[PDB]
Amino acid sequence: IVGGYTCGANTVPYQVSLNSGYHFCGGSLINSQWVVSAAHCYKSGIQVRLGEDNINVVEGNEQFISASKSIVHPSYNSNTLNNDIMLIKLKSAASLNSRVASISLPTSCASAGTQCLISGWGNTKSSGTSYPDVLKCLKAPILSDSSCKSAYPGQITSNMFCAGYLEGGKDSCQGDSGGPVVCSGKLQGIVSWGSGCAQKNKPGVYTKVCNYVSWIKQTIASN
Ligand SMILES: NC(=[NH2+])c1ccc2[nH]c(-c3cc(CC[NH3+])cc(-c4ccccc4)c3[O-])nc2c1
Ligand SMILES: [Ca+2]
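Listed as the method for this PDB entry is X-ray crystallography; the listed resolution is 1.38 Å.

The name given to the chain in the PDB entry is BETA-TRYPSIN, with Bos taurus as the source organism. The PDB lists this entry under the title "Elaborate Manifold of Short Hydrogen Bond Arrays Mediating Binding of Active Site-Directed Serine Protease Inhibitors". In its Subcellular location section, UniProt records this for the chain: "Secreted, Extracellular space".

What follows is the structure, given as structure tokens:
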């Protein structure tokens with residue numbers, strides 16, 4: 001997260017860290033046994049780490065659980081990143097409390113101007129790499145589809161939306177991929193891609209979760 005602030009320990013209880021010997025992507029807990037992340041974060045050997053703040057120090061509240069299976073959307077396109085969503089089923093259910101809790105799926109899509117909270121342990125530098133130990137937060141608005149398509153002509157599908165600042169300086173970045181974009185208590189987006197990080201007129205692009213709620217429910221119900 002570039003231009004954000006320190007969230008504060010366990011203030012984003014649905015945020016998870018996908019780990020393979022190091023933090024490589026974020027995710028969101030949607031129930032005690034399932035996590036939603038981005039398809040491009042897929043790899044084998046994933047350990048889901050819940051209740052984290054400092055990902056380099058066991059401070060208490062952490063729950064490390066292996067993923068039993070990862071389900072990448074069948075229509076995920078790695079070249080356009082269209083349908084960049086994946087579901088991860090945990091080997092055992094997580095113990096939910098105040099520090100570890102799930103976030104609700106939306107019943108309707110959000111409108112432009114909606115203010116959302118984006119969080120993660122990704123790069124905090126737009127020009128260089130600086131990865132944080134604790135969780136960073138950024139409040140950002142959803143931009144209009146016209147501004148988004150104007151910024152990324154021919155690359156935005158109906159399953160994506162832009163959020164952020166056109167002036168640059170505040171944005172999600174590498175390492176934040178797969179993590180949550182929560183607006184009015186509902187998971188509306190998944191950090192997916194962008195051109196650089198926090199560059200002027202190149203806002204972040206997010207997977208539009210409201211377009212996948214029935215797919216998520218049907219997939220969870222049959223697995
Ligand atoms: N500006 C943004 N809002 C933004 C958001 C998410 C991003 N994710 C990435 C990203 C970049 C790379 C390096 C490509 N030269 C790799 C990954 C990546 C992470 C895990 C697995 C595979 C790729 C990214 O998510 N850049 C990103 C930029
Ligand atoms: Ca920790």
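Caption draft 1: Here's a closer look at the UniProt feature "disulfide bond" in the chain. Look at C116 and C183: UniProt pairs them in a disulfide, and at 2.0 Å between sulfurs the bond is present in this structure. With a gap of 67 residues between them, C116 in strand β8 (residues 115-120) and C183 in strand β11 (residues 180-183) connect regions that are remote in the sequence. With respect to burial, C116 and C183 carry one shared label: buried. With a threshold of 2.5 Å on the sulfur distance, the UniProt-listed cystine of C148 and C162 is realised in this model at 2.0 Å. With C148 in helix α1 (residues 145-151) and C162 in strand β10 (residues 160-163), this pair connects stretches of sequence that are 14 residues apart. Residue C148 is classed as buried on the basis of its relative accessible area of 0%. Accessibility expressed as a relative area gives 0% for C162, which makes it buried.

Caption draft 2: Broad picture of the sheet that holds β10. Spatially, seven strands are ordered β1-β9-β8-β11-β12-β13-β10 in an open sheet, and the strand pairing comes out antiparallel. Two strands in the sheet have a free side with no partner beyond their single neighbour: β1 (5-6) and β10.

Caption draft 3: Highlighting the domain arrangement of the chain. Domain assignment breaks the chain into domain 1 (1-12 + 103-210) and domain 2 (13-102 + 211-223). The distance between the C-alpha centroids of domain 1 and domain 2 comes to 18 Å. Taken residue by residue, the interface counts 38 residues in domain 1 and 38 residues in domain 2. Summed over both partners, the interface of domain 1 with domain 2 comes to about 2900 Å²; 55% of that surface belongs to carbon and sulfur atoms. Counting the surface domain 1 buries against domain 2, the share from its top three residues, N10, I103 and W121, is 26%.

Caption draft 4: Representation of the coordination of the calcium ion (ligand 2). Here the calcium ion (ligand 2) is held by the protein donor atoms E52 (OE), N54 (O), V57 (O) and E62 (OE), which lie 2.1 to 2.3 Å from it. In primary sequence terms, the donor set of the calcium ion (ligand 2) follows E-x1-N-x2-V-x4-E. On the basis of relative accessibility, which here comes to 11%, the residue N54 falls in the buried class.

Caption draft 5: Region of the structure containing the UniProt feature "binding site: Ca(2+)" in the chain. As recorded in UniProt, the sites labelled "binding site: Ca(2+)" are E52, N54, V57 and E62. Turning to its location among the elements, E52 is positioned in the loop between β5 (47-50) and β6 (63-72). Take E52: its relative accessible area is 5%, and that puts it in the buried class. Excluding residues within four positions of it along the chain, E52 makes contact with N10, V57, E62, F64 and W121. Here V57 is to be found in the loop between β5 and β6. Here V57 falls in the partly exposed class, since its relative accessible area comes to 40%.

Caption draft 6: Local environment of the site of ligand 1. Neighbouring ligand 1 are 15 residues; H40, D171, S172, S177 and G196 lie closest to it. A distance of 3.0 Å is found between a nitrogen atom of ligand 1 and a side-chain nitrogen or oxygen belonging to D171. Summarising the interface, the protein chains cover 64% of the accessible area of ligand 1, which totals 590 Å² for the free molecule. Put simply, the parts of the chain that give the shell around ligand 1 at least two residues each are β3 (23-31) and β12 (186-193). The element contributing the most residues to the shell around ligand 1 is β12, with three residues. Each residue belonging to the shell around ligand 1 can be placed in one class, and the counts come to six nonpolar, eight polar and one charged. Residue assignment places the shell around ligand 1 across two domains, with domain 1 (1-12 + 103-210) and domain 2 (13-102 + 211-223) each supplying three or more.

Thresholds, definitions, all that
Residues numbered from 1 in each chain as written, not as in the entry; some residues may be left out. Chains lettered and ligands numbered in written order. Heavy atoms only, no water. UniProt positions renumbered as here; feature names shortened; annotations may be inferred. Disulfide = S-S within 2.5 Å. Helix = DSSP H or I, 4+ residues; strand = E, 2+ residues; numbered from the N terminus. Buried < 20%, exposed > 50% of the residue type's maximum accessible area, 1.4 Å probe, protein only. Pairing = 2+ DSSP bridges. Domains from an automatic or database assignment. Contact = heavy atoms within 4.5 Å. Buried area = accessible area lost by both parts, 1.4 Å probe. Donors = N, O, S within 2.8 Å, 3.2 Å for Na, K, Ca; no water. Near = heavy atom within 4 Å. Polar contact = N/O pair within 3.5 Å; in protein donor to acceptor, adjacent residues only side chain to side chain. Areas by Shrake-Rupley, 256 points an atom, 1.4 Å probe, with all protein chains shown as cover. Nonpolar A, V, L, I, M, F, W, Y, C, P; charged D, E, K, R; others polar.

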